[PDB]
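Colleague: Provided below: my_file.txt, containing compact mmCIF, C-alpha atoms and all ligand atoms.
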```txt
# COMPACT_ATOMS: atom_id res chain seq x y z
CA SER A 1 134.47 59.37 146.45
CA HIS A 2 135.30 61.17 143.23
CA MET A 3 137.58 62.82 140.66
CA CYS A 4 140.17 64.45 142.69
CA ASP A 5 139.99 62.82 146.11
CA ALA A 6 143.68 62.17 146.43
CA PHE A 7 144.47 65.88 145.71
CA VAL A 8 142.17 67.32 148.32
CA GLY A 9 143.87 68.85 151.35
CA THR A 10 146.48 71.36 152.39
CA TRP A 11 149.94 70.99 150.88
CA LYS A 12 153.15 72.89 151.75
CA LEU A 13 156.03 73.47 149.33
CA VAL A 14 159.16 71.66 150.49
CA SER A 15 161.51 71.71 147.47
CA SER A 16 161.97 73.34 144.11
CA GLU A 17 164.22 72.96 141.09
CA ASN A 18 164.61 75.36 138.20
CA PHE A 19 161.77 77.64 139.22
CA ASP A 20 163.79 80.86 138.66
CA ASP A 21 164.42 79.81 135.12
CA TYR A 22 160.75 78.87 134.61
CA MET A 23 159.74 82.28 135.82
CA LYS A 24 162.26 83.93 133.50
CA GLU A 25 160.79 81.98 130.59
CA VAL A 26 157.25 83.14 131.38
CA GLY A 27 158.40 86.75 131.54
CA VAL A 28 158.77 87.48 135.24
CA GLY A 29 161.08 90.37 136.05
CA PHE A 30 164.04 90.32 138.39
CA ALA A 31 162.57 91.66 141.61
CA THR A 32 159.39 89.55 141.39
CA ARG A 33 161.48 86.42 140.67
CA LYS A 34 163.70 86.98 143.69
CA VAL A 35 160.84 87.66 146.13
CA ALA A 36 158.56 84.97 144.75
CA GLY A 37 161.40 82.47 144.71
CA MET A 38 161.65 82.63 148.55
CA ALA A 39 158.05 81.69 149.05
CA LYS A 40 156.92 78.39 150.46
CA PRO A 41 153.28 78.47 149.44
CA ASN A 42 150.48 76.43 150.86
CA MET A 43 148.30 74.91 148.16
CA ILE A 44 144.80 74.17 149.44
CA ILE A 45 142.68 71.98 147.15
CA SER A 46 138.99 71.37 147.72
CA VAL A 47 136.05 70.01 145.76
CA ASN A 48 132.33 70.83 146.03
CA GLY A 49 130.24 68.96 143.45
CA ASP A 50 131.85 69.58 140.09
CA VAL A 51 133.73 72.66 141.24
CA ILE A 52 137.40 72.36 142.17
CA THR A 53 139.04 75.20 144.12
CA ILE A 54 142.81 75.65 144.36
CA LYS A 55 144.04 78.36 146.71
CA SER A 56 147.78 79.12 146.80
CA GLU A 57 148.91 81.24 149.74
CA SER A 58 152.21 82.74 150.63
CA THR A 59 153.93 85.82 151.96
CA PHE A 60 154.40 86.90 148.35
CA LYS A 61 150.89 86.53 147.05
CA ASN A 62 147.56 84.72 147.60
CA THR A 63 145.73 83.31 144.58
CA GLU A 64 142.44 81.45 144.25
CA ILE A 65 140.95 79.64 141.25
CA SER A 66 137.69 77.70 141.00
CA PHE A 67 136.80 75.73 137.90
CA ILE A 68 135.02 72.85 136.25
CA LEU A 69 137.24 70.35 134.43
CA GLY A 70 137.52 71.10 130.73
CA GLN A 71 135.83 74.51 130.98
CA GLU A 72 138.01 77.53 130.24
CA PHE A 73 138.19 80.42 132.69
CA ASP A 74 139.98 83.71 133.31
CA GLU A 75 142.93 83.69 135.66
CA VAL A 76 145.26 86.40 136.99
CA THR A 77 148.46 84.55 137.86
CA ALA A 78 150.69 85.29 140.84
CA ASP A 79 153.03 87.25 138.49
CA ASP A 80 150.01 89.25 137.19
CA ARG A 81 149.61 87.66 133.77
CA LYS A 82 146.01 87.73 132.52
CA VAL A 83 145.58 84.28 131.05
CA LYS A 84 142.87 81.97 129.68
CA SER A 85 143.16 78.71 131.61
CA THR A 86 141.73 75.24 131.21
CA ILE A 87 142.28 72.44 133.70
CA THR A 88 141.60 68.80 132.78
CA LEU A 89 142.25 65.41 134.33
CA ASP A 90 144.50 63.25 132.07
CA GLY A 91 145.17 59.86 133.48
CA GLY A 92 144.97 61.00 137.10
CA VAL A 93 147.13 64.13 136.47
CA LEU A 94 145.60 67.63 136.75
CA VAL A 95 146.77 69.44 133.58
CA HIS A 96 146.51 73.26 133.82
CA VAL A 97 147.12 75.09 130.52
CA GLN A 98 147.46 78.90 130.47
CA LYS A 99 147.21 80.87 127.20
CA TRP A 100 148.17 84.54 126.85
CA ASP A 101 149.65 86.74 124.15
CA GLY A 102 150.13 83.77 121.79
CA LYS A 103 152.13 81.94 124.47
CA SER A 104 151.29 78.77 126.40
CA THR A 105 152.51 77.18 129.63
CA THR A 106 151.38 73.97 131.35
CA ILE A 107 151.36 73.12 135.04
CA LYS A 108 150.86 69.44 135.91
CA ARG A 109 149.86 68.36 139.42
CA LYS A 110 150.37 64.68 140.31
CA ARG A 111 150.12 62.56 143.45
CA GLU A 112 153.31 60.51 143.93
CA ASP A 113 153.64 58.51 147.15
CA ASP A 114 152.64 60.88 149.97
CA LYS A 115 153.67 63.96 147.94
CA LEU A 116 152.03 66.22 145.44
CA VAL A 117 154.44 66.97 142.62
CA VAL A 118 154.01 70.01 140.43
CA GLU A 119 155.75 70.37 137.08
CA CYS A 120 155.71 73.72 135.33
CA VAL A 121 156.76 73.78 131.67
CA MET A 122 157.42 76.78 129.35
CA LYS A 123 159.04 75.89 126.01
CA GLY A 124 162.26 73.95 126.91
CA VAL A 125 162.23 74.89 130.61
CA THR A 126 160.75 72.53 133.21
CA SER A 127 160.56 73.15 136.91
CA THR A 128 159.57 70.67 139.58
CA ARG A 129 157.99 71.76 142.86
CA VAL A 130 157.37 69.13 145.57
CA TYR A 131 154.72 69.50 148.24
CA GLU A 132 154.02 67.55 151.46
CA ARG A 133 150.86 67.42 153.51
CA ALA A 134 150.73 70.41 155.82
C1 LIG A 201 150.72 82.10 145.55
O1 LIG A 201 152.10 82.27 145.89
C2 LIG A 201 153.04 81.87 144.94
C3 LIG A 201 154.35 81.88 145.36
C4 LIG A 201 155.33 81.46 144.49
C5 LIG A 201 155.02 81.01 143.18
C6 LIG A 201 153.68 81.01 142.76
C7 LIG A 201 153.33 80.53 141.42
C8 LIG A 201 152.50 79.38 141.17
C9 LIG A 201 151.86 78.59 142.25
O2 LIG A 201 152.60 78.21 143.22
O3 LIG A 201 150.58 78.36 142.12
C10 LIG A 201 152.27 78.92 139.89
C11 LIG A 201 152.80 79.51 138.81
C12 LIG A 201 153.61 80.66 138.98
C13 LIG A 201 154.15 81.28 137.85
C14 LIG A 201 154.89 82.44 137.97
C15 LIG A 201 155.13 82.99 139.22
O4 LIG A 201 155.87 84.11 139.20
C16 LIG A 201 156.04 84.78 140.42
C17 LIG A 201 154.63 82.38 140.35
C18 LIG A 201 153.88 81.21 140.27
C19 LIG A 201 152.70 81.44 143.67
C1 LIG A 202 143.43 81.89 124.15
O1 LIG A 202 143.53 80.53 124.09
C2 LIG A 202 144.12 79.85 123.08
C3 LIG A 202 143.78 78.54 122.88
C4 LIG A 202 144.39 77.84 121.86
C5 LIG A 202 145.28 78.50 121.03
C6 LIG A 202 145.65 79.81 121.24
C7 LIG A 202 146.60 80.41 120.39
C8 LIG A 202 147.87 79.82 120.22
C9 LIG A 202 148.37 78.55 120.90
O2 LIG A 202 148.54 78.40 122.15
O3 LIG A 202 148.68 77.56 120.21
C10 LIG A 202 148.77 80.44 119.37
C11 LIG A 202 148.44 81.60 118.73
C12 LIG A 202 147.23 82.20 118.90
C13 LIG A 202 146.98 83.37 118.20
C14 LIG A 202 145.76 83.99 118.33
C15 LIG A 202 144.82 83.42 119.15
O4 LIG A 202 143.61 84.02 119.32
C16 LIG A 202 143.29 84.60 120.53
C17 LIG A 202 145.05 82.25 119.85
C18 LIG A 202 146.28 81.61 119.71
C19 LIG A 202 145.03 80.51 122.27
```
Would you give me this structure, written as C-alpha cells?
Modeller:
Amino acid sequence: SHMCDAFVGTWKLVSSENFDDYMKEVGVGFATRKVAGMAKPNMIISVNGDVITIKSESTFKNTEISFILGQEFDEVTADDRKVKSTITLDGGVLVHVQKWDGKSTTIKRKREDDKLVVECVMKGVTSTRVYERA
C-alpha cells in the first residue's frame, strides 16, 4: 500500500459549483465554457511504482497526465493552455499547480468520505467539483 491508494480508481463528476467563473478566470472563451460546462468527466487515477496517471475523459475532451510527485512536467490542459505543472502530496491532498504566461492556478484533489473533491482556484475564484466512484 502506498502514496495515493485512496485516490486510485474511476470517479464520475456528480456536482459542480462556480466552474464557469473559474474557467472565465483562467481565460476560457464563451463557446468552450458552455460546451465544457455540460461535461460529466470520468477521472481515472492509477499508480505504477512512482508514476501516477490521471486520465480525464468526457464528451468534450480526453486528457491524460503521468507524473512523479514534485517533478515538473509539460501539460496541455483541456482548454488548450500549454502549462508547466507540478503535482505534490501535501498532507494527503494532491496539489496540482499550473504555471503559464506569468499566471498560476491550483487544483486540489482530496478524499472526503466516499467522495473525491476537487477544488480549482484562480486568484479570488474557487470552484468545487465533487466526484463519486463510478
Ligand atoms: C477532460 O474533460 C474535461 C471536461 C470538463 C472540464 C475539464 C477540466 C479539468 C478536469 O476536469 O481535469 C480541469 C481543469 C480545467 C480547466 C479549464 C477547462 O476549461 C474547459 C476545463 C478543465 C476537463
Ligand atoms: C514556469 O513556472 C514558474 C514557476 C514559478 C514561478 C513562475 C513565475 C511566476 C509565478 O507563478 O509566481 C510569476 C512570474 C514569472 C515570470 C517569469 C517566469 O519565467 C518563466 C516565471 C514566473 C513560473
Colleague: Pull the closest atom pair for each residue of chain A that gets at most 9 Å from ligand LIG 201 (chain A), along with the distance in Å to one decimal, counting all atoms listed in the file, ordering rows by chain and then ascending residue number, as a tab-separated table.
Modeller:
```
residue	atom	partner	partner_atom	distance
A:13	CA	A:LIG201	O2	8.5
A:19	CA	A:LIG201	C14	8.5
A:20	CA	A:LIG201	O4	8.6
A:22	CA	A:LIG201	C14	7.6
A:23	CA	A:LIG201	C14	5.3
A:24	CA	A:LIG201	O4	8.6
A:26	CA	A:LIG201	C14	7.0
A:27	CA	A:LIG201	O4	8.5
A:28	CA	A:LIG201	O4	6.0
A:29	CA	A:LIG201	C16	8.7
A:32	CA	A:LIG201	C16	5.9
A:33	CA	A:LIG201	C16	5.7
A:34	CA	A:LIG201	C16	8.6
A:35	CA	A:LIG201	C16	8.0
A:36	CA	A:LIG201	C4	4.8
A:37	CA	A:LIG201	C4	6.2
A:38	CA	A:LIG201	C4	7.6
A:39	CA	A:LIG201	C3	5.2
A:40	CA	A:LIG201	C3	6.7
A:41	CA	A:LIG201	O1	5.3
A:42	CA	A:LIG201	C1	7.8
A:43	CA	A:LIG201	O3	7.3
A:54	CA	A:LIG201	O3	8.5
A:55	CA	A:LIG201	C1	7.7
A:56	CA	A:LIG201	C1	4.4
A:57	CA	A:LIG201	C1	4.6
A:58	CA	A:LIG201	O1	4.8
A:59	CA	A:LIG201	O1	7.3
A:60	CA	A:LIG201	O1	5.7
A:61	CA	A:LIG201	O1	4.6
A:62	CA	A:LIG201	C1	4.6
A:63	CA	A:LIG201	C1	5.2
A:64	CA	A:LIG201	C1	8.4
A:77	CA	A:LIG201	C12	6.6
A:78	CA	A:LIG201	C17	4.9
A:79	CA	A:LIG201	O4	4.3
A:80	CA	A:LIG201	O4	8.0
A:81	CA	A:LIG201	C14	8.5
A:107	CA	A:LIG201	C11	7.6
A:118	CA	A:LIG201	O2	8.8
A:120	CA	A:LIG201	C11	7.4
A:129	CA	A:LIG201	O2	8.4
```
Colleague: So, with all atoms listed in the file as the atoms that count, which of A:82, A:73, A:47, A:119 lies closest to residue 4 (chain A)?
Modeller: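 Using all atoms listed in the file, residue 4 (chain A) sits closest to A:47.
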Colleague: Write out as JSON lines the residues of chain A that have any atom within 9 Å of an atom of ligand LIG 202 (chain A), one row each with the nearest atom pair and its distance in Å to one decimal, counting all atoms listed in the file, sorted by chain and then rising number.
Modeller:
```
{"residue": "A:72", "atom": "CA", "partner": "A:LIG202", "partner_atom": "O1", "distance": 8.8}
{"residue": "A:83", "atom": "CA", "partner": "A:LIG202", "partner_atom": "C1", "distance": 7.6}
{"residue": "A:84", "atom": "CA", "partner": "A:LIG202", "partner_atom": "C1", "distance": 5.6}
{"residue": "A:85", "atom": "CA", "partner": "A:LIG202", "partner_atom": "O1", "distance": 7.7}
{"residue": "A:98", "atom": "CA", "partner": "A:LIG202", "partner_atom": "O1", "distance": 7.7}
{"residue": "A:99", "atom": "CA", "partner": "A:LIG202", "partner_atom": "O1", "distance": 4.8}
{"residue": "A:100", "atom": "CA", "partner": "A:LIG202", "partner_atom": "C1", "distance": 6.1}
{"residue": "A:101", "atom": "CA", "partner": "A:LIG202", "partner_atom": "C13", "distance": 7.3}
{"residue": "A:102", "atom": "CA", "partner": "A:LIG202", "partner_atom": "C11", "distance": 4.1}
{"residue": "A:103", "atom": "CA", "partner": "A:LIG202", "partner_atom": "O2", "distance": 5.5}
{"residue": "A:104", "atom": "CA", "partner": "A:LIG202", "partner_atom": "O2", "distance": 5.1}
{"residue": "A:105", "atom": "CA", "partner": "A:LIG202", "partner_atom": "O2", "distance": 8.6}
```
Colleague: Would you please work out which residue, of A:134, A:52, A:89, A:45, is nearest to residue 70 (chain A) when using all atoms listed in the file?
Modeller: A:89
Colleague: Which one of A:121, A:44, A:114, A:94 sits closest to residue 68 (chain A) if you count all atoms listed in the file?
Modeller: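 Checking each of A:121, A:44, A:114, A:94 against residue 68 (chain A), counting all atoms listed in the file, the winner is A:94.
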Colleague: What gap, in Å, lies between CA of residue 7 (chain A) and CA of residue 109 (chain A)?
Modeller: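 Between CA of residue 7 (chain A) and CA of residue 109 (chain A) the gap is 8.6 Å.
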Colleague: For a test of reading the model, state the distance in Å between CA of residue 14 (chain A) and CA of residue 74 (chain A), rounded to one decimal.
Modeller: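 A separation of 28.4 Å between them.
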Colleague: Between CA of residue 12 (chain A) and CA of residue 130 (chain A), what is the distance, to one decimal in Å?
Modeller: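 CA of residue 130 (chain A) lies 8.4 Å from CA of residue 12 (chain A).
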Colleague: Please complete region 71-106 of chain A so it has N, CA and C atoms, and hand it over as a PDB file, in the frame of the given file.
Modeller:
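Generated output (selection28.pdb):
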```
ATOM      1  N   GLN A  71     136.578  73.273 131.257  1.00  0.00           N
ATOM      2  CA  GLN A  71     135.830  74.510 130.980  1.00  0.00           C
ATOM      3  C   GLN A  71     136.720  75.726 131.261  1.00  0.00           C
ATOM      4  N   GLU A  72     137.067  76.417 130.177  1.00  0.00           N
ATOM      5  CA  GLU A  72     138.010  77.530 130.240  1.00  0.00           C
ATOM      6  C   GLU A  72     137.531  78.638 131.157  1.00  0.00           C
ATOM      7  N   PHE A  73     138.454  79.342 131.790  1.00  0.00           N
ATOM      8  CA  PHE A  73     138.190  80.420 132.690  1.00  0.00           C
ATOM      9  C   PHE A  73     139.305  81.452 132.649  1.00  0.00           C
ATOM     10  N   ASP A  74     138.996  82.659 133.130  1.00  0.00           N
ATOM     11  CA  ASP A  74     139.980  83.710 133.310  1.00  0.00           C
ATOM     12  C   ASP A  74     140.747  83.517 134.603  1.00  0.00           C
ATOM     13  N   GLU A  75     142.049  83.775 134.503  1.00  0.00           N
ATOM     14  CA  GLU A  75     142.930  83.690 135.660  1.00  0.00           C
ATOM     15  C   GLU A  75     143.909  84.854 135.642  1.00  0.00           C
ATOM     16  N   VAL A  76     144.139  85.460 136.800  1.00  0.00           N
ATOM     17  CA  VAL A  76     145.260  86.400 136.990  1.00  0.00           C
ATOM     18  C   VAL A  76     146.302  85.636 137.798  1.00  0.00           C
ATOM     19  N   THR A  77     147.442  85.364 137.209  1.00  0.00           N
ATOM     20  CA  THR A  77     148.460  84.550 137.860  1.00  0.00           C
ATOM     21  C   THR A  77     149.180  85.358 138.948  1.00  0.00           C
ATOM     22  N   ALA A  78     149.995  84.655 139.735  1.00  0.00           N
ATOM     23  CA  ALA A  78     150.690  85.290 140.840  1.00  0.00           C
ATOM     24  C   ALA A  78     151.640  86.408 140.381  1.00  0.00           C
ATOM     25  N   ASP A  79     152.188  86.259 139.172  1.00  0.00           N
ATOM     26  CA  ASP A  79     153.030  87.250 138.490  1.00  0.00           C
ATOM     27  C   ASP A  79     152.241  88.244 137.639  1.00  0.00           C
ATOM     28  N   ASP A  80     150.915  88.265 137.801  1.00  0.00           N
ATOM     29  CA  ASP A  80     150.010  89.250 137.190  1.00  0.00           C
ATOM     30  C   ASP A  80     149.822  89.087 135.708  1.00  0.00           C
ATOM     31  N   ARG A  81     150.036  87.905 135.126  1.00  0.00           N
ATOM     32  CA  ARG A  81     149.610  87.660 133.770  1.00  0.00           C
ATOM     33  C   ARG A  81     148.111  87.438 133.761  1.00  0.00           C
ATOM     34  N   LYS A  82     147.445  87.958 132.725  1.00  0.00           N
ATOM     35  CA  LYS A  82     146.010  87.730 132.520  1.00  0.00           C
ATOM     36  C   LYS A  82     145.907  86.652 131.463  1.00  0.00           C
ATOM     37  N   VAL A  83     145.522  85.454 131.895  1.00  0.00           N
ATOM     38  CA  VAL A  83     145.580  84.280 131.050  1.00  0.00           C
ATOM     39  C   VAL A  83     144.189  83.629 130.902  1.00  0.00           C
ATOM     40  N   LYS A  84     144.054  82.835 129.858  1.00  0.00           N
ATOM     41  CA  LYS A  84     142.870  81.970 129.680  1.00  0.00           C
ATOM     42  C   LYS A  84     143.323  80.561 130.053  1.00  0.00           C
ATOM     43  N   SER A  85     142.710  79.998 131.067  1.00  0.00           N
ATOM     44  CA  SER A  85     143.160  78.710 131.610  1.00  0.00           C
ATOM     45  C   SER A  85     142.115  77.659 131.405  1.00  0.00           C
ATOM     46  N   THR A  86     142.593  76.416 131.206  1.00  0.00           N
ATOM     47  CA  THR A  86     141.730  75.240 131.210  1.00  0.00           C
ATOM     48  C   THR A  86     142.441  74.175 131.995  1.00  0.00           C
ATOM     49  N   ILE A  87     141.738  73.518 132.881  1.00  0.00           N
ATOM     50  CA  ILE A  87     142.280  72.440 133.700  1.00  0.00           C
ATOM     51  C   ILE A  87     141.481  71.182 133.385  1.00  0.00           C
ATOM     52  N   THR A  88     142.173  70.094 133.079  1.00  0.00           N
ATOM     53  CA  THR A  88     141.600  68.800 132.780  1.00  0.00           C
ATOM     54  C   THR A  88     142.277  67.727 133.626  1.00  0.00           C
ATOM     55  N   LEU A  89     141.650  66.572 133.733  1.00  0.00           N
ATOM     56  CA  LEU A  89     142.250  65.410 134.330  1.00  0.00           C
ATOM     57  C   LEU A  89     142.698  64.465 133.162  1.00  0.00           C
ATOM     58  N   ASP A  90     143.961  64.108 133.094  1.00  0.00           N
ATOM     59  CA  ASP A  90     144.500  63.250 132.070  1.00  0.00           C
ATOM     60  C   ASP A  90     145.158  62.121 132.787  1.00  0.00           C
ATOM     61  N   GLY A  91     144.516  60.968 132.829  1.00  0.00           N
ATOM     62  CA  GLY A  91     145.170  59.860 133.480  1.00  0.00           C
ATOM     63  C   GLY A  91     145.569  60.081 134.961  1.00  0.00           C
ATOM     64  N   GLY A  92     144.697  60.704 135.675  1.00  0.00           N
ATOM     65  CA  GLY A  92     144.970  61.000 137.100  1.00  0.00           C
ATOM     66  C   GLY A  92     145.832  62.219 137.400  1.00  0.00           C
ATOM     67  N   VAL A  93     146.287  62.927 136.369  1.00  0.00           N
ATOM     68  CA  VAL A  93     147.130  64.130 136.470  1.00  0.00           C
ATOM     69  C   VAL A  93     146.226  65.324 136.188  1.00  0.00           C
ATOM     70  N   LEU A  94     146.244  66.358 137.057  1.00  0.00           N
ATOM     71  CA  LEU A  94     145.600  67.630 136.750  1.00  0.00           C
ATOM     72  C   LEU A  94     146.502  68.386 135.810  1.00  0.00           C
ATOM     73  N   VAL A  95     146.007  68.734 134.620  1.00  0.00           N
ATOM     74  CA  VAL A  95     146.770  69.440 133.580  1.00  0.00           C
ATOM     75  C   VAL A  95     146.167  70.817 133.411  1.00  0.00           C
ATOM     76  N   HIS A  96     146.937  71.857 133.749  1.00  0.00           N
ATOM     77  CA  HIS A  96     146.510  73.260 133.820  1.00  0.00           C
ATOM     78  C   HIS A  96     147.244  74.033 132.728  1.00  0.00           C
ATOM     79  N   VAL A  97     146.536  74.407 131.669  1.00  0.00           N
ATOM     80  CA  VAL A  97     147.120  75.090 130.520  1.00  0.00           C
ATOM     81  C   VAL A  97     146.691  76.558 130.595  1.00  0.00           C
ATOM     82  N   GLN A  98     147.669  77.456 130.448  1.00  0.00           N
ATOM     83  CA  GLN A  98     147.460  78.900 130.470  1.00  0.00           C
ATOM     84  C   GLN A  98     147.887  79.472 129.139  1.00  0.00           C
ATOM     85  N   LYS A  99     147.005  80.233 128.511  1.00  0.00           N
ATOM     86  CA  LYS A  99     147.210  80.870 127.200  1.00  0.00           C
ATOM     87  C   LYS A  99     147.163  82.384 127.381  1.00  0.00           C
ATOM     88  N   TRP A 100     148.163  83.091 126.843  1.00  0.00           N
ATOM     89  CA  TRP A 100     148.170  84.540 126.850  1.00  0.00           C
ATOM     90  C   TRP A 100     149.106  85.069 125.839  1.00  0.00           C
ATOM     91  N   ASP A 101     148.736  86.131 125.127  1.00  0.00           N
ATOM     92  CA  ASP A 101     149.650  86.740 124.150  1.00  0.00           C
ATOM     93  C   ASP A 101     150.333  85.755 123.197  1.00  0.00           C
ATOM     94  N   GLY A 102     149.577  84.785 122.702  1.00  0.00           N
ATOM     95  CA  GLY A 102     150.130  83.770 121.790  1.00  0.00           C
ATOM     96  C   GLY A 102     151.092  82.751 122.376  1.00  0.00           C
ATOM     97  N   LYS A 103     151.258  82.802 123.716  1.00  0.00           N
ATOM     98  CA  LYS A 103     152.130  81.940 124.470  1.00  0.00           C
ATOM     99  C   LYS A 103     151.287  80.925 125.201  1.00  0.00           C
ATOM    100  N   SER A 104     151.949  79.853 125.681  1.00  0.00           N
ATOM    101  CA  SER A 104     151.290  78.770 126.400  1.00  0.00           C
ATOM    102  C   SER A 104     152.270  78.221 127.432  1.00  0.00           C
ATOM    103  N   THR A 105     151.761  77.916 128.634  1.00  0.00           N
ATOM    104  CA  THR A 105     152.510  77.180 129.630  1.00  0.00           C
ATOM    105  C   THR A 105     151.573  76.177 130.271  1.00  0.00           C
ATOM    106  N   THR A 106     152.151  75.061 130.729  1.00  0.00           N
ATOM    107  CA  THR A 106     151.380  73.970 131.350  1.00  0.00           C
ATOM    108  C   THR A 106     151.945  73.643 132.706  1.00  0.00           C
TER     109      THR A 106
END
```
